[PDB]
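*Asks:* any chance you can model this:
(2 chains)
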Amino acid sequence: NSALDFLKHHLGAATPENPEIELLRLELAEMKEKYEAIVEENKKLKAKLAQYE
Amino acid sequence: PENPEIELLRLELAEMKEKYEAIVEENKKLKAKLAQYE
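*Replies:* Numbers count the residues shown, from 1 in each chain, chains lettered A, B, ... in the order given. Provided below are the atomic coordinates:
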């Protein structure tokens, strides 16, 4: 039963907040921020080259 | 720590970083090729 299943997963010992995991998640978010910025720049450089060639 | 969840997170962090070093490298070529017209 999907109802019981969901209940069975959301009940019990929650996951203790691990400091290493929180860090890594913030590094991931941070790295993704930087990546998306450069994707913007990368798209601008490509727009410029379109003018030439 | 030899924790699957932690190691998985490190793998994703490493991938995102690899995807990021590729555009950084990708633009290197662009800027350089761009000044062949500008």
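*Asks:* name the residues of chain A found near chain B, please.
*Replies:* Counting by Cβ under 8 Å from any Cβ of the partner chain, chain A comes close to chain B at A:18, A:20-21, A:24-25, A:27-28, A:31-32, A:34-35, A:38-39, A:41-42, A:45-46, A:48-49, A:51-53. Every residue, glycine included, has its C-beta placed from N, CA and C.
*Asks:* inside helices: which ones of those residues?
*Replies:* Among those, the members falling in helices (DSSP state H) are A:20-21, A:24-25, A:27-28, A:31-32, A:34-35, A:38-39, A:41-42, A:45-46, A:48-49, A:51.
*Asks:* mind listing what the residue nearest to residue A:27 when sequence neighbours are not counted touches?
*Replies:* Nearest non-adjacent residue to residue A:27, counting by Cβ to Cβ, 6 or more residues apart in numbering or on different chains: residue B:13, 5.5 Å away. Under the criterion of Cβ atoms under 8 Å, 6 or more residues apart in numbering or on different chains, the neighbours of residue B:13 are A:24, A:27-28, A:31.
*Asks:* farthest pair in the residues you listed?
*Replies:* A:24 and A:31 (10.2 Å; Cβ to Cβ).
*Asks:* what are the phi and psi angles of residue A:14?
*Replies:* When read as degrees, to the nearest 10, the backbone of residue A:14 gives phi -60, psi 170.
*Asks:* wait, I meant residue A:15
*Replies:* Torsion angles, degrees, to the nearest 10, at residue A:15: phi -80, psi 120.
*Asks:* and for residue A:17?
*Replies:* According to degrees, to the nearest 10, residue A:17 has phi -60, psi 110.
*Asks:* quickly note the distance from it to chain B.
*Replies:* Noted for residue A:17: a distance of 13 Å to chain B, by Cβ to the nearest Cβ, to the nearest Å.
*Asks:* what does residue A:9 give?
*Replies:* From residue A:9 over to chain B the distance is 16 Å, taken as Cβ to the nearest Cβ.
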